[PDB]
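S.K.: as a preliminary step, the opening chains of the complex are given here in situ:
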Amino acid sequence: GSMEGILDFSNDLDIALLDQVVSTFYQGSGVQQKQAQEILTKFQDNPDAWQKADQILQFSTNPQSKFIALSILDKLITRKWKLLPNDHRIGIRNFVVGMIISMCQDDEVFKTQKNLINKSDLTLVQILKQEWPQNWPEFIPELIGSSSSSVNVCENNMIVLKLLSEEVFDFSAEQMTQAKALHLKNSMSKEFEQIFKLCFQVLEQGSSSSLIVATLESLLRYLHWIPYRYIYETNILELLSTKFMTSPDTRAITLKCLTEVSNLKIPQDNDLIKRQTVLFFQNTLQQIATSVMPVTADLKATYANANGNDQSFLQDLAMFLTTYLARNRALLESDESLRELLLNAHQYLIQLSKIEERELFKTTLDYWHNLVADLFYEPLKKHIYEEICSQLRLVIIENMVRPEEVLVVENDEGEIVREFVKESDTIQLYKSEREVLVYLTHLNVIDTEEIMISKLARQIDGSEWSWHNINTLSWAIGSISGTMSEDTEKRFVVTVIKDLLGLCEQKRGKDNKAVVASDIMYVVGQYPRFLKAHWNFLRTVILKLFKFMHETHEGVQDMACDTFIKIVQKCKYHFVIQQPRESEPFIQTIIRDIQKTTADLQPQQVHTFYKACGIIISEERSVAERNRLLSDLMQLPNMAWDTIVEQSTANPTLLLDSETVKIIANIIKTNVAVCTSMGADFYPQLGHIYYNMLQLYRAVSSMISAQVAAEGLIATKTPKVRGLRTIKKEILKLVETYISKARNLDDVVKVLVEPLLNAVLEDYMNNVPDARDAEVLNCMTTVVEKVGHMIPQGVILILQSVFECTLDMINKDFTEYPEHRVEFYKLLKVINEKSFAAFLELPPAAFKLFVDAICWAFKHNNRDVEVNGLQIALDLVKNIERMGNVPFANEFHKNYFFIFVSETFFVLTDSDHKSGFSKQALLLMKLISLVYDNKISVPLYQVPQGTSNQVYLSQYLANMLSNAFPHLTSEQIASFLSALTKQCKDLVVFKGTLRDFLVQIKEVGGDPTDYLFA
């Protein structure tokens, strides 16, 4: 249509047409709403739109239009106020104040246009932040004086004061300079004595609700910062804890105020203040017990019904009780007349802890952690909470959530399946529950065991049989592992495991047998100390795990393999020795039947089994016996490896068979799995396959390039090429795994390195970009990390083969080849760290690209790239400084010092790299400190001769910042650089000066004296 006419500012603004575009946006839909959206944004973004705000506030009949007008003024006041002449600033102030008073005195507008008035109050506060009090010292006296003329004006004055307190004390850290925030903080602190009078009077005498609620809402903000005497040396605590708790329309905001009072670290030596802190808590709990609910109420059912504000009130009550008791409960623990209050409050928390609400449970659980940890150490306190803790044991045992190890879960259709995603929130909640229950067990082991032994009895006889009930109980049993002593724990677990061994072979069903299998496996995996001292049990356990590896359910199979590793990581000594009443070490029995045991396991679970055997075999430290145990274990993969190597030296096509690719990759995956658990002990097995594996790597590499030439780049997506590249990735992963754990570095350099680089480097360099495996870069990083100091020519070769070609892949955008970006800068980091000489061997053009690569990593929003890039620049500067006064170091500063200084200033100030501010500040401070410590023994310019680098640096940065931020006065830039220079050894203050600069570049007229804050 013709809605764009309002964007023409030559003619008068059609107020009516504006009101239609606004109504089309908010109330419309589809294209006309999107059309009106782009028009309203353009109208709002016009630098002259604020001059039309006067007539929009007068002649418009649409509240949303007046809202947008205020947003246009808000941008003016926040960013360009100090550029207007003195008459415009007074003019805008007057008609904002005039409109506010106008809307308050009209009683009907005061009720119907709450949004427009709130937007006006916030806008007025933006003027206060610019003008008050140095140009409006009578604001608070006038505001207090106008409060008595009208009750609407008074209620709105509480909103203005609330907003002002928020902007000065709660949201000023990142929006004002340090000097400005300190200025407005002192200004409000000076005038608060007269603000509390108005607040207390309105609270003492009180009209009806609305004005009280707005007053209490403003008080909640004052409690963040005002002195304690305003709270304890007046009657306001008696008003909050009694009067404003009775009426439900002020109960919520009063409860939030009392929570804020409860959070203060009161003078712990004043018997009077302790008396008032006990008093308002006693009054609050009495008001709840008589006006809201008694201590015996089913808050779980109250919260589930969700009537009115019940859920928010119970949330705020939980927050009030935990905040107060975590800080002041000692005030109640000694006096015997305060005991019932102390226990009724905790009984409310017990009832609150039965609500089905994850986040609310975490809140009350956080306090229970605070309590039981104190009862664990503080003498003579446990007995006070004996009945509270006993109830708490029931609650936590019945609300245990599923730990990591349990891979079986009930599905949305009621079937017990295997979990596909890991629930990080559930895992953390289980650990928090375990931490509390472990403390609760220490506080009374007898009570804990009886609850668990009684619940298990009613699980065994079907009286309370339930998937939920057998799971929570079993997870609670495993979580308290380590709290009982041996013999005491011996008694306990033999009992538990037996009934679980029973229940397992009593309940028939695909689902039931899988629920008990996971509970058995979790409990048993949590008690290795018991399994160590009972080989007969451990062997029975291990054989049940093998029996679970033959079940149909993949989750039971997976957990059996994970439980096997978990047990073996702690009990591996009992597998290598000849146990009494045994024919051989149990590892020898496992290795022999390894084909039968793993007959039904999928490949990635067979590999986990082999990794578990590798943990056992590494316990044996007899070199001959272990290397033989290693050979016995790898028989099947080596036998299959010899076959696909005997018939592969001839007939190269065998590798191309899809089934053979899957077999080859699983063989290498088994070698990776074992090498992970054995580390440096894997060397005998690695050498048995190493030279053949690298030829296989060459054979696979040629086939890959042949496919891409025959089929195109699309070949890299096919299952065939994807399968071949897996062999390359698994080969690199195996070599990287070993070298990362190798102890015999001489063997690595003399035997492993030279065939590795020959097989991977030119293959990576001469493949097309889409065929390059980022795992090559990852492998070279481990080489340079572990033996980089022993192969200075290998590091040079690594650079030449990957540096330029990988940099070209990742320097056109920020998202193509994401795994290459991460591994690329990880490699450049370790080379620049442990083998910096390789960069000295780069041609000056290739060193220019190196600096370009570092700064390119600055501008990444990817934290994996951004962090490494700032670390490389920091280490490069240190590497250059350690060289001293040589041509390369002097050439470096001449060519690159100001490139690093300016590229660091760019990402500091572009508002798009806030996540790396700390490391950016650290880099800029190191660069500035170089000049002001005379560590650069050459001139940085090509300015009259004899001038210092200190002087040129200041002239350079002042000129740089002047052109980049032209709206800054010369003295703003001068004072900022002066402070930034004096502070280049004090990172905290240096970062404070930078943050003050980032505030000032967002507005006009920043005070240059702000940089003298320190």
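M.R.: Yes, it's here. Numbering: from 1, shown residues only, chains lettered A, B, ... in the order given.
S.K.: just the element for residue A:805, please.
M.R.: Using DSSP states H and E, the element containing residue A:805 is helix A:792-809.
S.K.: send me whichever helix or strand comes after that helix as CSV with only the CA atoms.
M.R.: Next along the chain after helix A:792-809, taking DSSP H and E as the criterion, comes helix A:818-834. The C-alpha coordinates for helix A:818-834 follow below in CSV (Å, rounded to 0.1, in the frame of the first residue of the first chain):
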residue,chain,number,x,y,z
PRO,A,818,34.5,-26.3,11.0
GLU,A,819,36.6,-29.2,12.2
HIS,A,820,39.6,-28.0,10.2
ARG,A,821,39.5,-24.5,11.9
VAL,A,822,39.6,-26.0,15.4
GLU,A,823,42.4,-28.5,14.7
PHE,A,824,44.3,-25.9,12.6
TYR,A,825,44.8,-23.4,15.4
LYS,A,826,45.4,-26.1,17.9
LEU,A,827,48.3,-27.2,15.8
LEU,A,828,49.6,-23.6,15.3
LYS,A,829,49.4,-23.1,19.1
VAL,A,830,51.6,-26.1,20.0
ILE,A,831,54.1,-25.4,17.2
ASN,A,832,54.3,-21.7,18.4
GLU,A,833,54.7,-23.1,21.9
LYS,A,834,57.1,-26.0,21.8
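S.K.: quick one, helix A:818-834 and helix A:792-809 angle?
M.R.: Calculated by axes from the mean of the first three to the mean of the last three CA atoms, to 10 degrees, helix A:818-834 forms an angle of 150 degrees with helix A:792-809.
S.K.: and helix A:818-834, what other elements does it pack with?
M.R.: helix A:774-787, helix A:792-809, helix A:837-840, helix A:844-858, helix A:863-883 (3 or more CB pairs under 8 Å, 6 or more residues apart in numbering; DSSP states H and E). Backbone N, C-alpha and C define where each C-beta goes, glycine included.
S.K.: can you tell me which of those helices is most buried?
M.R.: helix A:774-787 (a mean of 23; mean count of other CB atoms under 10 Å).
S.K.: and chain B on top of that:
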Amino acid sequence: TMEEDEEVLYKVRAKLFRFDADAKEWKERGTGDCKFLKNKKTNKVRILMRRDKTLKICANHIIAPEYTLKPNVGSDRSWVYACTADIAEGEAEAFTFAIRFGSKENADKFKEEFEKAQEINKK
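M.R.: Alright, chain B goes in next:
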């Protein structure tokens, strides 16, 4: 629910894609149970597929005998085919679907069942 007059002939977990020919890329449309539903009255079999948690329909069309399953270049566990009338998003639209399964075994079993259901609608 409009499913009681139907019998389930085949069920399998799958991921469904639609081809955005403009951008020349595959876009996901849903993950959940793919079902072959034979109407007990008219004996015509349809594909009905709902997204996991929301249970919103992402596939709803007759397994017409004129449809043919073709492999995708980068998958051995997927099938591609055109659909001239799917009503998952309302009015009958035309789509080029792709459906992926957890394994090649599931993908072959699907093609067996997909063709078995085609012979049913051919009467």
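S.K.: thinking again about what came up before, which strands and helices lie in contact with the helix holding residue A:805?
M.R.: If you count contacts as 3 or more CB pairs under 8 Å, 6 or more residues apart in numbering or on different chains; DSSP states H and E, helix A:792-809 packs onto helix A:754-766, helix A:774-787, helix A:818-834, helix A:837-840, helix A:844-858.
S.K.: please redo it, this time with the cut-off set to 6 Å
M.R.: Contact here means 3 or more CB pairs under 6 Å, 6 or more residues apart in numbering or on different chains; DSSP states H and E; on that basis helix A:792-809 packs against helix A:754-766, helix A:818-834, helix A:837-840.
S.K.: buried ones in the first one?
M.R.: Using 16 or more other CB atoms under 10 Å in any protein chain shown as the test for burial, helix A:754-766 gives A:756, A:757, A:759, A:760, A:761, A:763, A:764, A:765.
S.K.: pull up the gap between the first one and chain B, please.
M.R.: Think residue A:756. 30 Å (CB to the nearest CB, to the nearest Å).
S.K.: with the third one instead?
M.R.: The span separating residue A:759 from chain B equals 27 Å under the rule CB to the nearest CB.
S.K.: tell me if I'm right that that residue and residue A:694 touch.
M.R.: Yes: in this structure residue A:759 lies within contact range of residue A:694 using CB atoms under 6 Å: 4.4 Å.
S.K.: contact residues of chain B facing chain A?
M.R.: Contacts of chain B with chain A, taken as CB under 6 Å from any CB of the partner chain, map to B:73, B:74, B:76.
S.K.: next one: phi and psi at the second one?
M.R.: In this case it means residue B:74. Main-chain torsions, residue B:74, degrees, to the nearest 10: phi -110, psi 30.
S.K.: could you look up the SS state of the closest residue to chain B within the stretch 901-1014 of chain A?
M.R.: The nearest approach of the stretch 901-1014 of chain A to chain B comes at residue A:912, 27.0 Å away (CB to the nearest CB). The three-state label given to residue A:912 by DSSP: H, G, I helix; E, B strand; the rest coil is coil.
S.K.: chain C goes on too:
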Amino acid sequence: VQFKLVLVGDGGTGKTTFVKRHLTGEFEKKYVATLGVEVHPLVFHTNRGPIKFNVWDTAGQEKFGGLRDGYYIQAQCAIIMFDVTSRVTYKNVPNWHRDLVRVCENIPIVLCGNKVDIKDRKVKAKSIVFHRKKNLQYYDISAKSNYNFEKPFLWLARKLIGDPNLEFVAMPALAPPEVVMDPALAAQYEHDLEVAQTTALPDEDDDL
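M.R.: Let me add chain C to what's already shown:
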């Protein structure tokens, strides 16, 4: 029965991807910054009838903020989004909340920590406590893995309808029509089809 929903958060936190996942079922991998706001209707079928969310997907980047807090007017529920792999986006949650509730004093609000599918998590669960004092509901979510992706709307629908027992139900499956292909273009159902046949499916290393 429709309700206005504003969606706010820092740029890149996944606001648009989360909505697109609910509209079409897709997962957008590109980051195309939102300009101002985009309004999309979103209907859910419940046991209390259909509910419609007019989702105002606002812009997180300041330079594209558009009308900014002007989008919040007459909103009836809200979602605050941050990214668990970016601590900065969680430190800005109090700012998005502050602007939001100054316009919408009493609405249901969900706080969402997105991208929980990424292994290297920066905002750990132990430090996410801002919602407690502010009466916000919190969910770990992932638009990529779909973890808890329906729970924001399920909680909001229960709070907006006033029925804590509200559940999503299967939308009815109308009978699909019988239609034969078009032999006028069936000779051309082999260009746009062979194209799709040779365009590889994404994320072939997933379980589905």
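S.K.: again for what packs on helix A:818-834, since chain C is there now?
M.R.: Looks like helix A:818-834 contacts helix A:774-787, helix A:792-809, helix A:863-883 (3+ CB pairs under 6 Å, 6+ apart).
S.K.: helices along chain B, start to end?
M.R.: With helices called from DSSP state H, chain B shows them at B:104-121.
S.K.: closest point of it to chain C, which residue?
M.R.: residue B:74 (3.2 Å).
S.K.: just checking, that residue touches residue C:198?
M.R.: No: judged on CB under 6 Å, residue B:74 makes no contact with residue C:198 at a distance of 9.0 Å.
S.K.: count of neighbours near the closest residue to chain A within chain B?
M.R.: Proximity of chain B to chain A (CB to the nearest CB) peaks at residue B:74, 3.5 Å away. Close neighbours of residue B:74, defined as other CB atoms under 10 Å in any protein chain shown, add up to 21.
S.K.: for the residue positioned nearest the centre of chain B, give me its contacts.
M.R.: What sits nearest the mean C-alpha location of chain B, by CA atoms, centre = their mean, is residue B:47, with 4.8 Å. By CB atoms under 6 Å, 6 or more residues apart in numbering or on different chains, the contact list for residue B:47 reads B:59, B:61, B:63.
S.K.: in the sheet, who's paired with it?
M.R.: residue B:36, residue B:61 (DSSP bridges).
S.K.: okay, the residue of chain B closest to chain A and residue A:706: tell me how far apart.
M.R.: Distance, residue B:74 to residue A:706, by CB to CB, to the nearest Å: 18 Å.
S.K.: likewise for residue A:96?
M.R.: Per CB to CB, residue A:96 is found 75 Å from residue A:706.
S.K.: between these two, which one's more packed in?
M.R.: Ranked by neighbour count (other CB under 10 Å), residue A:96 and residue A:706 place residue A:96 first, with 21 against 13.
S.K.: in which helix or strand would I find that one?
M.R.: With DSSP H and E as criterion, residue A:96 is part of helix A:86-105.
S.K.: and for residue A:210?
M.R.: Here residue A:210, judged by DSSP H and E, is contained in helix A:209-222.
S.K.: mind listing what's buried in stretch A:674-681?
M.R.: Within stretch A:674-681, the residues scored as buried using 16+ other CB under 10 Å are A:674, A:675, A:676, A:677, A:678, A:679, A:681.
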